[PDB]
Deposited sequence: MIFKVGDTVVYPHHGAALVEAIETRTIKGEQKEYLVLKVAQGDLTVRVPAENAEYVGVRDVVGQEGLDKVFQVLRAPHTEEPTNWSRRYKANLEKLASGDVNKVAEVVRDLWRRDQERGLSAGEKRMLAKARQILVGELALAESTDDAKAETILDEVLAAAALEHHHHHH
């Protein structure tokens, strides 16, 4: 599917914030445009609101929280306990921690182990549990929870290195 020198379209998911909704009169009707703060924000994106299919994320998480979740999932050099019990215990606490960043460490570590060493039965179940927790915290109050779960999962497998 790939080889050195190939070009591909890479979807750079990150948080965006709706900073303004500008209203215009179009075809007799009132149609909204979003003004999005993107990339912290070095980027402003303006886009028709009916042509916008961006998955929402809860206010309590917010733009910094969301970007923080991505940063955790994509961290390249992690440390996890070598022994199963140690590893399992520390994850179990994280899932109970009430800190969604902690939950994202669990989702990330276990997704990556699944791809490389494979998972034990308990570890498989914990990954599923952690995934539901991650999503339930971010998703707005089902096809969103599914897209969000795929995006976060894709992010878990990507190691991001910044070098400006």
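- Unmodelled regions of the deposited sequence, numbered from residue 1: 1, 143-147.
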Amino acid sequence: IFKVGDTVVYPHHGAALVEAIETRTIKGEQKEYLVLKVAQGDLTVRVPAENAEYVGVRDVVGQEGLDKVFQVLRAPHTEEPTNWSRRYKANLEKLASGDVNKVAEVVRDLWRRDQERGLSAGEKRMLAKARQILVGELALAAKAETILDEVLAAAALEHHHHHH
From here on, numbers count along this sequence of modelled residues.
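- Between 104-112 and 48-56, it is 48-56 that carries the larger average Cα temperature factor according to the deposited entry.
- Stretches compared: 29-37, 122-130. Higher mean C-alpha B-factor in the entry: 29-37.
- The PDB entry gives the largest Cα B-factor of the residues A154, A141, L148, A15 to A141.
- Ranked by C-alpha B-factor against the other modelled residues of its chain, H161 falls in the lowest third.
- Ranked by Cα temperature factor within the chain, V4 sits in the middle third according to the deposited record.
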